[PDB]
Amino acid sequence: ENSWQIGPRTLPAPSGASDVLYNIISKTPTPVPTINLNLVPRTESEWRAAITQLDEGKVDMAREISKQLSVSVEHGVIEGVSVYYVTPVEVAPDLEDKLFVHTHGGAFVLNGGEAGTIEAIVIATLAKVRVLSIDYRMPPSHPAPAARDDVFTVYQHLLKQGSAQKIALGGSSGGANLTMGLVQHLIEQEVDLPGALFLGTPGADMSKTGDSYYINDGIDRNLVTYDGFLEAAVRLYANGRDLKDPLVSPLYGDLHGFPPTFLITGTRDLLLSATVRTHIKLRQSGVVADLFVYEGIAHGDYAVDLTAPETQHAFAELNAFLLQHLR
């Protein structure tokens, strides 16, 4: 109760953002925290229903972007793990022998299958690099650490094929969580590390620790609130582990030895704190880490409209970051 009671605030669309983002936000209704507050699956069957509902239309969006941008998206399997090969029409000359291994976002149970390729498609086209998106097994059907295992399995296979230094690894939210956890494991096991990491709005701390969980409650148009669904998803993922257990919230683990890391979030992101806390911990641990925070941007909004100047800039920066660090 040493906490602050903040009165109601009024939040206008941000004229500081691009016209594209300003218009997106301006057309977004005030986020409604009761939906996510009331979406609390308890049974595996309720989970399957919630998940389907939340994933609705994702595949359609993915294919639409793919067709429009001439991105090839092809399902395959690597050592039993579902993957998607995502090839853009233009691969940067110096990224021609490089690979971006992508781990999709969503809160640990979302974006299975082709639904998870949206961000991979964005990265592929705009960062001009081939992407391999890992369709890792998720709860409720496949409790942790099935997802962790899948990412590790694909990564190990890739190292049989070529140098880890030519590989970038990452993604957003829950996938960024697996990415951080994987890298920590690799460092422990003295396995070769990726040449670079991408952590977009990472689910780095899934306990309700972080200013933005409180400050941006009702302000992040996508996650809206930690309470209800997100916490339930986190707890499903945690599978009995403490939420500050580094296996659940990798921010609490050691970040020394991390490859150069690129992080992105925005002023309205519920995971803004998770992101900047991670960026700071990386820097404090002697890691090259570049942070980008976009005015107006909520969780994942940097990869929702390819015409946003924010998005075009962000991935042009990612491209430059991959050119600098991958070899």
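Numbers follow the displayed sequence, beginning with 1.
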Exercise for the section: Would you determine, from the values in the PDB entry, which of 306 to 314 and 6 to 14 has the greater average C-alpha temperature factor? Expected result: 6 to 14
Completion exercise
Between 154 to 162 and 131 to 139, the record assigns the higher mean Cα B factor to 154 to 162
Handout entry: Highest recorded Cα temperature factor - choice among 265, 261, 278, 34
Key = 34
Problem - C-alpha B-factor winner, where the candidates are 233, 251, 92, 86 - result: 92
Practice task
Classify residue 282 as lowest, middle or highest third according to the C-alpha B-factor given in the PDB entry, relative to its own chain.
Solution key: lowest
Exercise for the section: Pull the Cα B-factor of residue 102 out of the PDB entry and bin it into the chain's lowest, middle or highest third. Expected result: lowest
Problem - residue 189, C-alpha B-factor rank within chain (lowest, middle or highest third) - result: highest
Handout entry: Third assignment of residue 271 from its chain's C-alpha B-factors
Key = lowest
Exercise for the section: Select lowest, middle or highest to describe the third in which the CA B-factor of residue 293 falls within its chain in this entry. Expected result: lowest
